[PDB]
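Following: one structure in structure tokens, then a few remarks.
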Amino acid sequence: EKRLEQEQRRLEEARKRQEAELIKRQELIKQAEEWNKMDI
Amino acid sequence: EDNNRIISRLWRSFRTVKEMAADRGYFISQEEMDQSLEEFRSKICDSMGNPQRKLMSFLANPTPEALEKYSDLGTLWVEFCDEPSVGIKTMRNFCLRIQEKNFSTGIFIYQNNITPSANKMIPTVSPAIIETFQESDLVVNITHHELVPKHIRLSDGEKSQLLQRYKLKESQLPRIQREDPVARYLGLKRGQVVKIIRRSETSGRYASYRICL
Amino acid sequence: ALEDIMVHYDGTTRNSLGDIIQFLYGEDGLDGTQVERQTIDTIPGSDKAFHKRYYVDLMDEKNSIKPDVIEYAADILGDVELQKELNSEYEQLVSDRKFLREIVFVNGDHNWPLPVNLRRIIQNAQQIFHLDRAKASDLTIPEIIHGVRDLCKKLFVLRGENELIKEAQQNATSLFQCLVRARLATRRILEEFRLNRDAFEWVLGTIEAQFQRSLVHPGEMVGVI
Amino acid sequence: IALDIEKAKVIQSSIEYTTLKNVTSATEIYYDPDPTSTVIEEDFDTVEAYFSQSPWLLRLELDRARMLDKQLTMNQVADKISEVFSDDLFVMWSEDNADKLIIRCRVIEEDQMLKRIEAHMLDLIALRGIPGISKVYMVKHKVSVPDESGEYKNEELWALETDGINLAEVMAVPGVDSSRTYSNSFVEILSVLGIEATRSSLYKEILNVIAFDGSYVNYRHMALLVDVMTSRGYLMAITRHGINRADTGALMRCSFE
Amino acid sequence: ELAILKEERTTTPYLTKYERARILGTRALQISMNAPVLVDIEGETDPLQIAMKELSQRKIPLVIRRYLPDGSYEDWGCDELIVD
């Protein structure tokens, strides 16, 4: 059970990191879409 | 029909480019990595199904791990060219776009061929780096081949530690060409060292090093 | 083309210019005359056979070490720290099986030339120490585990405390360590070979010495060979 | 696809190079001044049914047997000719139910020009398949794969072996395992997959040559040889043009050749 | 500068067969040229046999200098190298 708890903690940490990186990524996606619209 | 196969090949090239950008250290969202073919047709193909290469250009920033390991990693701009043949004008305007938006690295994928005059102005785009790939050779990701082991670019500190451990000079390492397909996949610049961890039937695992030219 | 290539004192294989051809001769640093065909026991067989051969359970009585082969069978059942040690050993064995079966030898071939013949060493020990008879062994499980674990760290191909040197040294003996751990498992030692203590230290010392003797000698003109 | 013979045959047909010359049985040139009719009575019915520029008629008869064997369609051949020649030639093709499969063409002193155009047609009209792949064979391969119980059990699978090499194009064909395509010409392997793949392929070829007659040579010797041949980033041939183009001493180099 | 300190010597601690052969040859030649013998000779007369007897007892007064590829070297005494 102790091992399972540690595994769950690490999984939650990884999930938080992925969420933060996705939040950062969406801004770049928006900028890219705006610039591609500008080129058109 | 032939439209379907063209779209499929374009989708495969897009997936390969995204994988290459992920390998070089930039961040690509997991949802974008698994962006399927039907979604690609929905987003790119028009009412007649024709695709726009201009809608596939994207941007990426290095992950904190890659940024920490490699301090020279900037922003990456990847653009597909609508023109089947690229000349001096198109390369010049691509260079202008890179310079005005201060991108560190720009990847320019063309369709058929590139004129020698356009090749001439690639080295003079400093300090930004412009790398060109053909659409045909990006359909298959060579780094997923069985015969191709995993190549990892060494940081400057690791290269120094290697040369000190073996008491070497840079000319005494095994070499890898700059136009080598894996070297162009990793965007290797002259003087950089890749570590290759390889299957061995005498010891199981064997780590080799090569230096670019 | 190959005349001026020679194994140097740091283990590398270089030509007359000093350019590196290989970072370790033969990718393991051994001599061509000091290897023999041996079978790695963790590769073949079904999962059930592997589990039956290598797993040891100290809680279930009928899935434990037989009581007539060990003197201390009374105070073994119910121990939890010793079970932790056995579980670590079995996890190491499973990792070795996965590494050999999915990376190195995908087609499952398990007969490969490797240094120091282990079967010969074991039967020599059995003949030397008269390991016949139904006598019970006095070799405790922690001694087996720690002895094999320490042996797998004294197979020096490269000397030095450098981190990169340590990584290369660990890489150079992966297959051989897999072989040694496959042969000198706890269940196999206690049941199949029935070694006692003195036979066990003799086997460990002999393995280490023979491995040291099987390395390549600096100054070999391996290119001409 | 590996375990199904029908899909494997489909892939084999899709890969093999096939040109118009492969299926063409004979070619002929006729004089016919009426674009809306013809002089030949045999082809009169088909052309008149179709109808319901230069007078020089260029026709050619396709072998029905091989045309069927290559699984081709008369419409496909006509479309290929039209694509390669735009609208410079008016093309009519007989139906599949005709006694002889024929296709007619017309230009929109020209006899020599027509002969040259006919030669070019027989030369470089590509119907389907990867260029450079002359022949393809179906081969059964025995592979040992772990079972659901972990046991290793033999298994038979279908694979293709070709004549001629085009690695980059064949790797891109859908239905092909692009992560395992292999070639016995390591120059192409170097041009496609890099230098480490070239090292592995070179070792495999050398071992194949040595072990064919049952002989055995230790691994480290061939490993040293193929590490020497690929240590400079490119294939260094074991000749004077490979060895003598190094930076070694002049006295050492002059002693060879 | 080029010499490597005794504490940081990283070469093998064993006498390679080439080093053993060269040491035996040099010692045999020196004995044949009337060099002092550092071990007691029972009834032996062959210089090579006397050299082997000296080597077995770790009494050969020679030093091996092992040249690394970069030019640096390690000095090992024949009395501190392990011989099989």
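Letters A, B, C, D and E name the chains as they come in the text, with residue numbers starting at 1 for each one.
Here is the rule we use: contacts are C-beta pairs under 8 Å (C-beta built on N, C-alpha and C of every residue); 3 or more make two chains touch, one makes a residue touch a chain.
Of all chains, the one whose mean C-alpha position sits at the greatest distance from that of subunit B is E. Two chain pairs, B-C and A-B, are compared here, and B-C has more C-beta pairs in contact (counted per touch definition above). Centre to centre, using the average C-alpha position, subunit B and subunit E are separated by 57 Å. Computed from the mean C-alpha positions, the centre of subunit A lies at a distance of 65 Å from the centre of subunit E.
Here the CA centre of subunit A is 44 Å from the CA centre of subunit C.
Averaged C-alpha coordinates put the centre of subunit D at 67 Å from the centre of subunit E. Shown for subunit E are the residues in touch with two or more other chains, namely 68-70. Annotation for subunit A: no residues touch two or more other chains.
Under the contact definition stated at the top, the residues of subunit D that touch 2 or more other chains are 219-220, 223, 231. Which chains touch which is summed up as A-B, B-C, B-D, B-E, C-D, C-E.
Against subunit B, the residues of subunit A that register as touching in their complex are 18, 21-22, 24-25, 28-29, 31-32, 35-36, 39-40. Contacts from subunit C toward subunit E in the complex involve residues 8-10, 12, 14, 18, 159-160, 212-213, 215, 217-219. Residue ranges of subunit E in contact with subunit C, taken from their complex: 10-14, 16-19, 66-70, 74, 84. Residue ranges of subunit C in contact with subunit D, taken from their complex: 1-2, 4-5, 13, 15-17, 19, 21-22, 25-27, 30, 32, 35, 44-48, 50, 101, 107-108, 113, 222-223, 225. Within the complex, the subunit B residues that touch subunit C are 161-162, 165-169, 171-174, 199-209.
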